[PDB]
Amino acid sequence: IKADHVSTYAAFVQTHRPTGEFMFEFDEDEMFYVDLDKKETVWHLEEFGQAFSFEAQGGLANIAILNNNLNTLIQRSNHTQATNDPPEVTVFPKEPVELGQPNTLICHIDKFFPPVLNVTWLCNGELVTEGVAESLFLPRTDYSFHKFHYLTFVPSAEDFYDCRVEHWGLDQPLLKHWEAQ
């Protein structure tokens, strides 16, 4: 559009899986969201939380409003379901890899629709249960989605990792290899 900066509330609502999301971003970075169960605003960086606030109801209301709009467009669309757009996946570390030295692996899952998606990390082929975090489902300009999972870890030559992904646009579950190159 030619702007210096873009601040956008982005919300979605669907029958499946994660049934609703309400968030706000600054130049593409999620700043806060409304947790629809806890009913509270979560700030992305805590230093944010100590300066600004947002009235959570403003988020629950917009959700209710989007379900009405969902119903109204299931009806008028003639029940059109979208084709399954498959994820493209990259995995990279947060810092220049240094052996024996604590780091964070990032898995960026991109260009997909809809935001119904299973993701797990594997270390030497085994499911990893701790040291693990995840982004919200993030909005995209072309109306597809992206997401980030994180794994904190100690880089080592004796070890490989995979981001393991599952989505209706994939025949098979998708794995991305990464190892101390």
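Quick note: we count residues from 1 along the sequence shown, nothing fancier. Note that the rigid core is defined as the largest set of C-alphas that superpose within 1.5 Å between two forms.
- For 113-121 versus 151-159, the mean Cα distance to the shown form in 4 other deposited structures of this protein after rigid core alignment is larger for 151-159.
- As listed in the deposited structure, the average C-alpha B-factor of 77-85 and of 101-109 is greater for 77-85.
- When 142-150 is weighed against 39-47, 39-47 comes out higher, by mean CA B-factor as recorded in the entry.
- In this PDB entry, the Cα temperature factor of residue 25 sits in the bottom third of its chain's modelled residues, the lowest group.
- Placement of the Cα temperature factor of residue 57 within the chain: highest third of the modelled residues, per the deposited record.
- Among the modelled residues of its chain, residue 70 has a C-alpha B-factor that falls in the highest third, as given in the PDB entry.
- Among the modelled residues of the chain, residue 11 sits in the lowest third by CA temperature factor in this PDB entry.
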